[PDB]
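First comes the structure, then the notes that go with it.
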Amino acid sequence: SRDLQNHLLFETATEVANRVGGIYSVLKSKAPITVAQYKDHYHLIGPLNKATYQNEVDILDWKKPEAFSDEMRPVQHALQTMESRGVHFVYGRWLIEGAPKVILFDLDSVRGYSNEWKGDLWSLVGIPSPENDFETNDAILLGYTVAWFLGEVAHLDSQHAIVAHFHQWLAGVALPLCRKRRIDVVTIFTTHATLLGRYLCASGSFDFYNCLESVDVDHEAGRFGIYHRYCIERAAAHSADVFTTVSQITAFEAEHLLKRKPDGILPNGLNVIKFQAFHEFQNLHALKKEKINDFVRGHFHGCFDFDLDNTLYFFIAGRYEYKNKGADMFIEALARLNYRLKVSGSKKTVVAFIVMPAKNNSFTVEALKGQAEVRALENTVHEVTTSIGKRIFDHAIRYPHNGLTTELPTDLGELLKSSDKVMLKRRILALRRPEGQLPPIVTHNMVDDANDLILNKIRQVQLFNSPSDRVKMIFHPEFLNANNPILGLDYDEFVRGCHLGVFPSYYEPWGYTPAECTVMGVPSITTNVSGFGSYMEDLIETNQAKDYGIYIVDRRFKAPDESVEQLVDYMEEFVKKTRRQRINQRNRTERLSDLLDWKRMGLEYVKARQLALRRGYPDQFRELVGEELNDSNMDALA
Amino acid sequence: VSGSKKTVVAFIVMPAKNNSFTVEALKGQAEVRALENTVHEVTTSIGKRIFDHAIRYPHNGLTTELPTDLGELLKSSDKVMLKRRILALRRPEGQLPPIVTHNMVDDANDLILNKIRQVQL
Amino acid sequence: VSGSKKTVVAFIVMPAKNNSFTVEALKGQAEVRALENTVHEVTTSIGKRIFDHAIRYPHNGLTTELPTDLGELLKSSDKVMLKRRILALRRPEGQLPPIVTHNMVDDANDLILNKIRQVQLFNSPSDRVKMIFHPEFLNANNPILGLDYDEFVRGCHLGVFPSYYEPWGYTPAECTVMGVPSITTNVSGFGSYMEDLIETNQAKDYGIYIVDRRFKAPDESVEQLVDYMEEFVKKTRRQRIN
Ligand SMILES: O=c1ccn([C@@H]2O[C@H](COP(=O)(O)OP(=O)(O)O)[C@@H](O)[C@H]2O)c(=O)[nH]1
Ligand SMILES: O=P(O)(O)OC[C@H]1O[C@H](O)[C@H](O)[C@@H](O)[C@@H]1O
Ligand SMILES: OC[C@H]1O[C@H](O)[C@H](O)[C@@H](O)[C@@H]1O
């Protein structure tokens, strides 16, 4: 007789205590909505990071009677039973919006059981475990600790149904354990990628999306030295009451590589902070864009022959994954767009930015002299307009006396003196660049310039930023930061200033980059093999979606060359827009950002847990609803 | 030896073969420039708040003519960006302000740098 | 009565015979302007001091990134001049912000001024509605309020034009075009025209408040008018923006 309505939720992940990847940001942004639903029935569980946990967690005395409510007692008693057997942990408040409750286990305090637990797991599930793989060691240590902790809560809490939700294989070991030991909790597993997915796509030669149905998983996992890891992912997918992925595209991948068709998808939400005035973001775009204009003026000093009032900023940003993030298509397409723009005789310019970290030796001398010379021009101009102001003023205050017959000066000579001209001329000379020197394709000195994938592609297609190129190309091999001496914007600030994000992903389980972009109200190009793109694709009819600034390139059903051409089409369609059209588009794409808020995507998590309880206690569940609903899906339940 | 609190900055301006300014030289000037602008933004805010106090006193609970407490004027948001600017100015442990502003074509053979190294300034 | 914390400053812009702005009005602006410049001086000094601290950290005993004490930044010299400017703004005990910006020709028999006196809105602290009569049309050269009429309207929140005779009324129509909500009556050309295009409930949301001066006794009308104003004051910024 367990309460399905008043239930507990434990959410388990490697990244709870600490930031490794994006998952840390998912559980962080997801917290406010979760705590709103559960309050003190919710606990996140992860391994303790001894180095950092004190910056992020608010340590709490869990022994205190007041630390838990009457109905939460079992959790306290469960921790005491863990403490009883020498298992050290930290219970506290994760210092983030929502302030969820945390249980972090000290894996050193349980490392003793390593030999036995490894032996056990091998016997139960068939999972081998090489000693030099520190991560699966920790994955295992965690798994037995969590199933242990869960088993004990199940013992002492007769009131609530318990939901246990695990993220990624590194947090999946408890799953086969809960199944086999038949612990009275319902379980959910979310995968945010698949191990074989990443690896089969690493080299860039393999035709992933048309061939994965015919891969021998065991053979491949052995080929990559990944067999043990893969076993953990598979056992977690098979053991869980509910199996989920972050996206339809990974769900496809998952069915074939983990041999189980997901029960649904849990797409990543963001915690969107609205402005008091809807148009505020529109003002921010203009401020931020002026900062970029500034950067551009300096970068093109001595070669500035285009109109910024008619210049669009494209960007790609993210980790340096040349094939997987589609940097190759981005550059390829830009080169073809350059051609189309010249043939049509348009006066517009695209300045294309690539923001991807590469080994480098900091900014070039050129980058910094240029900024400084432009600054020096600004300051001189300012001195001069003070002078001009003094002369305009005298004239205006003097009229019509002492010969002044016109109210205003009519001769520039009256306002602009020769000493003024000399210093302006000197500043202009400072900006001149030597004959034949084009603005660089890069802001940094690179460690391995000759072998760099991105730079080689730019050089191969020959986008050298010459006067007649309508598409300019700037590689910035480092993450943006308002401390950057040449382009002093934080990443988010930069995105707001740009016009179009271009993210032609080939392997991308989610798509934080275009989502985040969408949230800043900036249109973007994605692909249908990106999680975000595939999500969007299901939500809006593909022609409609261009109007909300989502452009989706088909990389799944189209030859690579046909994909590049579609990308050029989109970019070209965008450049043809007028300012009015751009503005109104950004408005539409700003309204779309609602659909990426947790207030909406959190409903999916609700669907998943509702499915888990439905599956685990079907008798009691029907008894709540009124009749028997379908349980072969998350969707077929609601 | 005499415990003087004075400092002498000695400049040598003599043309020698070089490859123009160092990255270090240009980066330092840029970072200092960035601190200046941030300080200017903040003092605008500070002005807004001094001015409000001045025009409001003695109403709405104001008991002193001027602010007495910094927190009235300097907000979390302001403190964050100045801290960040200060971090940009920080140099790696044990790194010293250079004895030269340019990259030299032949730094080891240059007579001036040889002397400065020899006397260990 | 409702204990609201909002404040309405109401302006009346209507030409009446006058001898130009009072001395008080001009001194007022000049005094405020002089405070502004002294505040700008002080913050430049503050700037030098914040900057020095920031560039020196953590040398010479500067153990924290920022100054923590106001006295590292605000010097006594600064304090003296700020106080002198604060004293210049001090008005003698009991004296209240004026209800008028000009010296009137016939102050005693002016209709606007007499009504304000009769209803006793004298701009006292406890009054939540403040009143400023400005008996001249607006012009950007006006030394006191350097705005052109169109600009002033843009700056405002609500135009209120409860005409009883108004063949049209550009006054409320101009508000509309400039995105400022307005109150007119159903006996104005403009009001009945809008009445015809939008159903009265919807009309309030599109910033068109229409007071019924045709089928209600004048006192009922005045009340409807107060309802509108109160309902408006109840709005949040977000609501006003929308
Ligand atoms: O200059 C930058 C560029 C990117 N990012 C962030 O780094 C992440 C990079 O995403 P990644 O490529 O690792 O994953 P994906 O974008 O494919 O989801 C994004 O969420 C950005 O917010 C950043 O912080 N600074
Ligand atoms: O950068 P664009 O697409 O040309 O848009 C530029 C526009 O951005 C925002 O809407 C600003 O508020 C406008 O004042 C500006 O005209
Ligand atoms: O038509 C312009 C104007 O004509 C008259 O001056 C009316 O009094 C006024 O209400 C109308 O707007």
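How things are named: the first chain in the structure tokens is A, the next is B, and so on; residues count from 1 in each chain; ligands count from 1 in the order shown.
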task: Would you mind listing what lies within 12 Å of residue A:167 as a VMD selection string, with only C-alpha atoms counted and same-chain residues fewer than 5 positions away left out?
output: chain A and resid 10 to 16 22 to 24 26 to 27 44 to 46 139 172 to 175 187 to 194 233 236 to 237 240 243 to 246 266
message: If the cut-off is 10 Å, can you tell me the residues of chain A near chain C, counting only C-alpha atoms? I'd like them as an MDAnalysis selection string.
response: chainID A and resid 275:279
field: Interface residues on chain A facing chain B, 8 Å, only C-alpha atoms, written as JSON, numbers by chain
entry: {"A": [363, 364, 365, 368, 369, 372, 483, 485]}
Counting only C-alpha atoms and all ligand atoms, the option among A:228, A:301, A:63, A:476 closest to ligand 1: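 Using only C-alpha atoms and all ligand atoms, the shortest distance to ligand 1 belongs to A:476.
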task: Let me have all residues with an atom within 10 Å of ligand 2, counting only C-alpha atoms and all ligand atoms, laid out as a PyMOL selection string.
output: chain A and resi 279-290+308-313+496-500+522+577-587
At a cut-off of 10 Å, can you tabulate as JSON lines every residue of chain A near ligand 1 together with its closest atom pair and the distance in Å to one decimal, using only C-alpha atoms and all ligand atoms and ordering rows by chain then number?
{"residue": "A:21", "atom": "CA", "partner": "ligand 1", "partner_atom_place_in_ligand_line": "13 (O)", "distance": 7.6}
{"residue": "A:22", "atom": "CA", "partner": "ligand 1", "partner_atom_place_in_ligand_line": "20 (O)", "distance": 7.1}
{"residue": "A:25", "atom": "CA", "partner": "ligand 1", "partner_atom_place_in_ligand_line": "20 (O)", "distance": 8.8}
{"residue": "A:316", "atom": "CA", "partner": "ligand 1", "partner_atom_place_in_ligand_line": "3 (C)", "distance": 8.8}
{"residue": "A:317", "atom": "CA", "partner": "ligand 1", "partner_atom_place_in_ligand_line": "3 (C)", "distance": 5.2}
{"residue": "A:318", "atom": "CA", "partner": "ligand 1", "partner_atom_place_in_ligand_line": "12 (O)", "distance": 3.5}
{"residue": "A:319", "atom": "CA", "partner": "ligand 1", "partner_atom_place_in_ligand_line": "12 (O)", "distance": 4.3}
{"residue": "A:320", "atom": "CA", "partner": "ligand 1", "partner_atom_place_in_ligand_line": "12 (O)", "distance": 7.6}
{"residue": "A:321", "atom": "CA", "partner": "ligand 1", "partner_atom_place_in_ligand_line": "12 (O)", "distance": 7.9}
{"residue": "A:324", "atom": "CA", "partner": "ligand 1", "partner_atom_place_in_ligand_line": "17 (O)", "distance": 8.7}
{"residue": "A:325", "atom": "CA", "partner": "ligand 1", "partner_atom_place_in_ligand_line": "17 (O)", "distance": 6.8}
{"residue": "A:354", "atom": "CA", "partner": "ligand 1", "partner_atom_place_in_ligand_line": "3 (C)", "distance": 9.5}
{"residue": "A:355", "atom": "CA", "partner": "ligand 1", "partner_atom_place_in_ligand_line": "1 (O)", "distance": 6.0}
{"residue": "A:356", "atom": "CA", "partner": "ligand 1", "partner_atom_place_in_ligand_line": "3 (C)", "distance": 6.9}
{"residue": "A:357", "atom": "CA", "partner": "ligand 1", "partner_atom_place_in_ligand_line": "1 (O)", "distance": 8.2}
{"residue": "A:476", "atom": "CA", "partner": "ligand 1", "partner_atom_place_in_ligand_line": "1 (O)", "distance": 9.2}
{"residue": "A:477", "atom": "CA", "partner": "ligand 1", "partner_atom_place_in_ligand_line": "1 (O)", "distance": 9.3}
{"residue": "A:478", "atom": "CA", "partner": "ligand 1", "partner_atom_place_in_ligand_line": "1 (O)", "distance": 6.7}
{"residue": "A:479", "atom": "CA", "partner": "ligand 1", "partner_atom_place_in_ligand_line": "1 (O)", "distance": 3.3}
{"residue": "A:480", "atom": "CA", "partner": "ligand 1", "partner_atom_place_in_ligand_line": "1 (O)", "distance": 3.8}
{"residue": "A:481", "atom": "CA", "partner": "ligand 1", "partner_atom_place_in_ligand_line": "1 (O)", "distance": 6.9}
{"residue": "A:489", "atom": "CA", "partner": "ligand 1", "partner_atom_place_in_ligand_line": "1 (O)", "distance": 9.4}
{"residue": "A:490", "atom": "CA", "partner": "ligand 1", "partner_atom_place_in_ligand_line": "1 (O)", "distance": 7.3}
{"residue": "A:491", "atom": "CA", "partner": "ligand 1", "partner_atom_place_in_ligand_line": "1 (O)", "distance": 4.7}
{"residue": "A:492", "atom": "CA", "partner": "ligand 1", "partner_atom_place_in_ligand_line": "22 (O)", "distance": 7.3}
{"residue": "A:493", "atom": "CA", "partner": "ligand 1", "partner_atom_place_in_ligand_line": "1 (O)", "distance": 10.0}
{"residue": "A:494", "atom": "CA", "partner": "ligand 1", "partner_atom_place_in_ligand_line": "1 (O)", "distance": 8.6}
{"residue": "A:495", "atom": "CA", "partner": "ligand 1", "partner_atom_place_in_ligand_line": "3 (C)", "distance": 9.2}
{"residue": "A:503", "atom": "CA", "partner": "ligand 1", "partner_atom_place_in_ligand_line": "16 (O)", "distance": 8.5}
{"residue": "A:505", "atom": "CA", "partner": "ligand 1", "partner_atom_place_in_ligand_line": "17 (O)", "distance": 7.5}
{"residue": "A:506", "atom": "CA", "partner": "ligand 1", "partner_atom_place_in_ligand_line": "17 (O)", "distance": 9.7}
{"residue": "A:507", "atom": "CA", "partner": "ligand 1", "partner_atom_place_in_ligand_line": "17 (O)", "distance": 8.1}
{"residue": "A:508", "atom": "CA", "partner": "ligand 1", "partner_atom_place_in_ligand_line": "17 (O)", "distance": 5.4}
{"residue": "A:509", "atom": "CA", "partner": "ligand 1", "partner_atom_place_in_ligand_line": "18 (O)", "distance": 7.6}
{"residue": "A:510", "atom": "CA", "partner": "ligand 1", "partner_atom_place_in_ligand_line": "18 (O)", "distance": 5.6}
{"residue": "A:511", "atom": "CA", "partner": "ligand 1", "partner_atom_place_in_ligand_line": "18 (O)", "distance": 3.6}
{"residue": "A:512", "atom": "CA", "partner": "ligand 1", "partner_atom_place_in_ligand_line": "18 (O)", "distance": 3.6}
{"residue": "A:513", "atom": "CA", "partner": "ligand 1", "partner_atom_place_in_ligand_line": "16 (O)", "distance": 3.7}
{"residue": "A:514", "atom": "CA", "partner": "ligand 1", "partner_atom_place_in_ligand_line": "16 (O)", "distance": 7.0}
{"residue": "A:515", "atom": "CA", "partner": "ligand 1", "partner_atom_place_in_ligand_line": "18 (O)", "distance": 8.3}
{"residue": "A:516", "atom": "CA", "partner": "ligand 1", "partner_atom_place_in_ligand_line": "22 (O)", "distance": 6.9}
{"residue": "A:517", "atom": "CA", "partner": "ligand 1", "partner_atom_place_in_ligand_line": "22 (O)", "distance": 8.9}
{"residue": "A:530", "atom": "CA", "partner": "ligand 1", "partner_atom_place_in_ligand_line": "17 (O)", "distance": 8.3}
{"residue": "A:531", "atom": "CA", "partner": "ligand 1", "partner_atom_place_in_ligand_line": "18 (O)", "distance": 8.9}
{"residue": "A:532", "atom": "CA", "partner": "ligand 1", "partner_atom_place_in_ligand_line": "18 (O)", "distance": 8.8}
message: Should the cut-off be 9 Å, what would the residue list for chain B against chain C look like, counting only C-alpha atoms, as a ChimeraX atom specification?
response: /B:32,35-36,39-40,42-44,46-48,50-51,54-55,57,65-71,79,82-83,85-86,89
message: List as a PyMOL selection string the protein and nucleic acid residues near residue C:176, meaning an atom at most 9 Å away when only C-alpha atoms are counted, but skip any in the same chain fewer than 4 places from it.
response: chain C and resi 172+180-182+207-208
Contacts to ligand 3 at 9 Å cut-off (only C-alpha atoms and all ligand atoms) as an mmCIF file with N, CA, C and O atoms, in the first residue's frame:
data_model
loop_
_atom_site.group_PDB
_atom_site.id
_atom_site.type_symbol
_atom_site.label_atom_id
_atom_site.label_comp_id
_atom_site.auth_asym_id
_atom_site.auth_seq_id
_atom_site.Cartn_x
_atom_site.Cartn_y
_atom_site.Cartn_z
ATOM 1 N N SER C 163 -13.286 66.614 -22.246
ATOM 2 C CA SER C 163 -14.026 67.632 -22.950
ATOM 3 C C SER C 163 -15.538 67.415 -22.878
ATOM 4 O O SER C 163 -16.024 66.274 -22.857
ATOM 5 N N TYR C 165 -17.207 69.959 -24.914
ATOM 6 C CA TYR C 165 -17.344 70.425 -26.286
ATOM 7 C C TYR C 165 -16.049 70.185 -27.049
ATOM 8 O O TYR C 165 -15.038 70.840 -26.789
ATOM 9 N N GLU C 166 -16.090 69.251 -27.995
ATOM 10 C CA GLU C 166 -14.895 68.866 -28.739
ATOM 11 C C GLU C 166 -15.277 68.254 -30.086
ATOM 12 O O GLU C 166 -15.489 67.043 -30.188
ATOM 13 N N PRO C 167 -15.388 69.094 -31.128
ATOM 14 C CA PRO C 167 -15.772 68.592 -32.446
ATOM 15 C C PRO C 167 -14.922 67.414 -32.934
ATOM 16 O O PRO C 167 -15.440 66.542 -33.639
ATOM 17 N N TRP C 168 -13.639 67.398 -32.567
ATOM 18 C CA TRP C 168 -12.790 66.230 -32.771
ATOM 19 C C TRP C 168 -11.906 65.975 -31.539
ATOM 20 O O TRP C 168 -12.229 65.124 -30.712
ATOM 21 N N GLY C 169 -10.805 66.721 -31.433
ATOM 22 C CA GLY C 169 -9.842 66.578 -30.346
ATOM 23 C C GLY C 169 -8.551 65.888 -30.755
ATOM 24 O O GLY C 169 -8.348 64.719 -30.476
ATOM 25 N N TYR C 170 -7.670 66.610 -31.425
ATOM 26 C CA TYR C 170 -6.361 66.080 -31.766
ATOM 27 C C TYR C 170 -5.619 65.688 -30.505
ATOM 28 O O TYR C 170 -4.800 64.756 -30.482
ATOM 29 N N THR C 171 -5.910 66.400 -29.436
ATOM 30 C CA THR C 171 -5.208 66.153 -28.199
ATOM 31 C C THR C 171 -5.193 64.661 -27.790
ATOM 32 O O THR C 171 -4.112 64.095 -27.642
ATOM 33 N N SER C 188 -16.972 63.889 -27.702
ATOM 34 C CA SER C 188 -15.915 64.413 -28.537
ATOM 35 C C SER C 188 -15.959 63.687 -29.876
ATOM 36 O O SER C 188 -16.409 62.528 -29.939
ATOM 37 N N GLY C 189 -15.487 64.342 -30.940
ATOM 38 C CA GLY C 189 -15.512 63.727 -32.259
ATOM 39 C C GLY C 189 -14.701 62.448 -32.246
ATOM 40 O O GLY C 189 -15.169 61.383 -32.674
ATOM 41 N N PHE C 190 -13.484 62.565 -31.725
ATOM 42 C CA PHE C 190 -12.564 61.457 -31.617
ATOM 43 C C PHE C 190 -13.153 60.293 -30.807
ATOM 44 O O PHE C 190 -13.150 59.152 -31.259
#
- prompt: Taking into account only C-alpha atoms, which residue in the set A:352, A:455, A:242, A:57 is nearest to residue A:186?
  reply: A:242
Could you pull out the residues in chain B that DSSP calls alpha helix (DSSP H) from the backbone, as a PDB file with C-alpha atoms, in the first residue's frame?
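Below is the file states.pdb, written as the result:
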ATOM      1  CA  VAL B  23      52.143  41.034 -27.075  1.00  0.00           C
ATOM      2  CA  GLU B  24      52.768  41.562 -23.363  1.00  0.00           C
ATOM      3  CA  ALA B  25      53.265  45.302 -23.873  1.00  0.00           C
ATOM      4  CA  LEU B  26      50.068  45.707 -25.866  1.00  0.00           C
ATOM      5  CA  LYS B  27      47.967  43.419 -23.685  1.00  0.00           C
ATOM      6  CA  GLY B  28      48.926  45.266 -20.529  1.00  0.00           C
ATOM      7  CA  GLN B  29      47.946  48.610 -21.952  1.00  0.00           C
ATOM      8  CA  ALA B  30      44.643  47.153 -23.180  1.00  0.00           C
ATOM      9  CA  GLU B  31      43.774  45.567 -19.814  1.00  0.00           C
ATOM     10  CA  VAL B  32      44.508  48.810 -17.985  1.00  0.00           C
ATOM     11  CA  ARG B  33      42.323  50.582 -20.546  1.00  0.00           C
ATOM     12  CA  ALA B  34      39.527  48.102 -19.772  1.00  0.00           C
ATOM     13  CA  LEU B  35      39.818  48.735 -16.019  1.00  0.00           C
ATOM     14  CA  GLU B  36      39.470  52.509 -16.647  1.00  0.00           C
ATOM     15  CA  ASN B  37      36.252  52.083 -18.625  1.00  0.00           C
ATOM     16  CA  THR B  38      34.705  49.755 -16.007  1.00  0.00           C
ATOM     17  CA  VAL B  39      35.642  52.215 -13.235  1.00  0.00           C
ATOM     18  CA  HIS B  40      33.950  54.912 -15.296  1.00  0.00           C
ATOM     19  CA  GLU B  41      30.723  52.876 -15.607  1.00  0.00           C
ATOM     20  CA  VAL B  42      30.657  52.220 -11.881  1.00  0.00           C
ATOM     21  CA  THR B  43      31.208  55.862 -10.827  1.00  0.00           C
ATOM     22  CA  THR B  44      28.254  56.825 -13.063  1.00  0.00           C
ATOM     23  CA  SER B  45      26.126  54.441 -10.982  1.00  0.00           C
ATOM     24  CA  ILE B  46      27.702  55.806  -7.814  1.00  0.00           C
ATOM     25  CA  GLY B  47      26.787  59.318  -8.961  1.00  0.00           C
ATOM     26  CA  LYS B  48      23.178  58.326  -9.607  1.00  0.00           C
ATOM     27  CA  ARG B  49      22.975  57.131  -5.976  1.00  0.00           C
ATOM     28  CA  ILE B  50      24.876  59.959  -4.248  1.00  0.00           C
ATOM     29  CA  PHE B  51      22.645  62.373  -6.171  1.00  0.00           C
ATOM     30  CA  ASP B  52      19.435  60.597  -5.077  1.00  0.00           C
ATOM     31  CA  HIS B  53      20.467  60.740  -1.427  1.00  0.00           C
ATOM     32  CA  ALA B  54      21.354  64.450  -1.735  1.00  0.00           C
ATOM     33  CA  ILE B  55      18.030  65.401  -3.289  1.00  0.00           C
ATOM     34  CA  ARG B  56      15.941  63.286  -0.921  1.00  0.00           C
ATOM     35  CA  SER B  76      27.084  43.366  -6.097  1.00  0.00           C
ATOM     36  CA  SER B  77      26.858  43.827  -9.826  1.00  0.00           C
ATOM     37  CA  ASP B  78      29.513  46.595  -9.766  1.00  0.00           C
ATOM     38  CA  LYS B  79      31.834  44.572  -7.550  1.00  0.00           C
ATOM     39  CA  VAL B  80      31.738  41.595  -9.911  1.00  0.00           C
ATOM     40  CA  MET B  81      32.959  43.444 -13.022  1.00  0.00           C
ATOM     41  CA  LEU B  82      35.723  45.351 -11.247  1.00  0.00           C
ATOM     42  CA  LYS B  83      36.913  42.095  -9.673  1.00  0.00           C
ATOM     43  CA  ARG B  84      37.040  40.580 -13.136  1.00  0.00           C
ATOM     44  CA  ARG B  85      39.058  43.521 -14.494  1.00  0.00           C
ATOM     45  CA  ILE B  86      41.486  43.158 -11.551  1.00  0.00           C
ATOM     46  CA  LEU B  87      41.920  39.478 -12.377  1.00  0.00           C
ATOM     47  CA  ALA B  88      42.887  40.360 -15.955  1.00  0.00           C
ATOM     48  CA  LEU B  89      45.781  42.517 -14.614  1.00  0.00           C
ATOM     49  CA  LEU B 111      74.835  45.459 -26.034  1.00  0.00           C
ATOM     50  CA  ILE B 112      72.207  47.221 -23.849  1.00  0.00           C
ATOM     51  CA  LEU B 113      70.303  44.081 -22.792  1.00  0.00           C
ATOM     52  CA  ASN B 114      73.647  42.442 -22.033  1.00  0.00           C
ATOM     53  CA  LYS B 115      74.483  45.189 -19.568  1.00  0.00           C
ATOM     54  CA  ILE B 116      71.076  45.306 -17.934  1.00  0.00           C
ATOM     55  CA  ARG B 117      71.384  41.544 -17.392  1.00  0.00           C
ATOM     56  CA  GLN B 118      74.934  41.802 -16.151  1.00  0.00           C
TER      57      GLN B 118
END
